[PDB]
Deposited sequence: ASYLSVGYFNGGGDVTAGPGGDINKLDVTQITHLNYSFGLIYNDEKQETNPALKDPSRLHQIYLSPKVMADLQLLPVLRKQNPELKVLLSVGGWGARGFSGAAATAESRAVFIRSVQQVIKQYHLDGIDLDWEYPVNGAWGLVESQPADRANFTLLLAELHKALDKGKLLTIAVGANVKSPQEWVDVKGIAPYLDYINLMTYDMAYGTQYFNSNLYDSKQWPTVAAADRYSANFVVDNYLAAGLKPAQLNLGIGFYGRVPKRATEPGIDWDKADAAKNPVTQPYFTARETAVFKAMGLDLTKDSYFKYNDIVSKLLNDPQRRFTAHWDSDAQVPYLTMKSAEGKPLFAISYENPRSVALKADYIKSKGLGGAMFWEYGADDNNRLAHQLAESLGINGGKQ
């Protein structure tokens, strides 16, 4: 058996990447010129370029460096990934025969100009939108299928067409017609992370934790559960890459009450209460993580600031059921508080073992700039036999 290792790089530096350890490199992000009224990026509002791909100056400069990287690994495939969390424009781009043709024409132009091997679409998310951050409509689901079918017909034979899809149970069931789009995609990147929300402690647990259990049923996610949901929806295992996050998250449960929305009196009667005080929030703020804005910490920052804290305020632990590491910090009363879960070489190796045991097509990871001296990608490549 052979396996993929599909590495994303958030470039929009790139020379520190060891591309000998991956089969595919996705450069992130291309954006989409769009007319969504809430768009705040002034560069995307050019009406003469509506529905085309926007490349910032840094993105253009980095894409021109790709022939250098190709020398280091002549087998490497390089794609541009368009979209990302918060990226507007897909709903409109996919909506009509006119808009789709503009977008496809732009994809073809970018692949030719920068000698890319293909394109990755990272739409977060069709139908659902994303809590007011991108426009959506129920027609997104059928329109996404049309866009991918028309992209497949337009792309030169052999160029790659891939997508990234969300962990949410509703993605294969309601948002994306996975059986309908499977004929058009070389592989599908499952974003099997970002689970440390609501009442769940862990961000990318492989299985459910018993020691640190998720309280509300609708929050009970694991990478295994996500894979099973896409398989049950009809995707074949060889077409799937299990996504691995080179980062961790402080769970929302540490700082926000957790709601079980299956309760009739849900909003006023939380089932979990926050356990961070201002003391713990200030510790993270002083290290660059403002928990009022976001909750993630890159793996290299976990290593430098948390695992190697001079005053050893963070203690590393292993959850044998979730198969991922986590850190605790001591409260003012000296009690352990669950601070952050993440991925380390041991847990990355167990996810590669899982890939092999299930016959998945490979691994994907987000993102290479957050690795610690390429150690997580190296472990992934070793465990997968890359």
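Numbered from the first deposited residue, the unresolved ranges run 13-21, 396-400.
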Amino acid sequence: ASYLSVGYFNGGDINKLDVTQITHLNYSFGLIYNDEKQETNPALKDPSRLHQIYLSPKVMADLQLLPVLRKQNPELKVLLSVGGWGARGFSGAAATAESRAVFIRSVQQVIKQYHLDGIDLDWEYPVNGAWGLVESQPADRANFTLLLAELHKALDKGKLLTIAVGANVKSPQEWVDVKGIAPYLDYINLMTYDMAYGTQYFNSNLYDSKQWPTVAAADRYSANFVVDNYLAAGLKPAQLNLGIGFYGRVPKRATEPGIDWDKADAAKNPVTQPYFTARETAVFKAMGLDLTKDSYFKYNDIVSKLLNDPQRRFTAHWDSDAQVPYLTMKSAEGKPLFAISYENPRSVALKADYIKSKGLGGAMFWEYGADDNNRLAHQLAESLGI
From here on, numbers count along this sequence of modelled residues.
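Under this definition, the rigid core comprises the largest set of C-alpha atoms superposing within 1.5 Å between the forms.
The rigid core fit leaves 262-270 as the farther-lying stretch in 4 other deposited structures of this protein, judged by Cα positions and set against 262-270 and 211-219. Larger root-mean-square CA separation from the shown form, computed after a rigid core fit of the structures in 4 other deposited structures of this protein, is seen for 126-134 when 126-134 is set against 200-208.
Stretches compared: 54-62, 355-363. Higher mean C-alpha B-factor in the entry: 54-62. Stretch comparison (275-283 versus 98-106) by mean CA B-factor in the PDB entry places 275-283 on top. Out of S341, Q38, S331, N26, it is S331 whose C-alpha atom has the highest B-factor in the PDB entry. In this structure the maximum Cα B-factor among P325, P345, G30, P42 is found at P42.
Ranked against the other modelled residues of its chain, the C-alpha B-factor of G158 as given in the entry falls in the highest third. Placement of the Cα temperature factor of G166 within the chain: lowest third of the modelled residues, per the deposited record.
Ranked by C-alpha B-factor against the other modelled residues of its chain, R249 falls in the lowest third. Among the modelled residues of its chain, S383 has a C-alpha B-factor that falls in the middle third according to the deposited record. In the PDB entry, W131 places in the highest third of its chain by CA B-factor.
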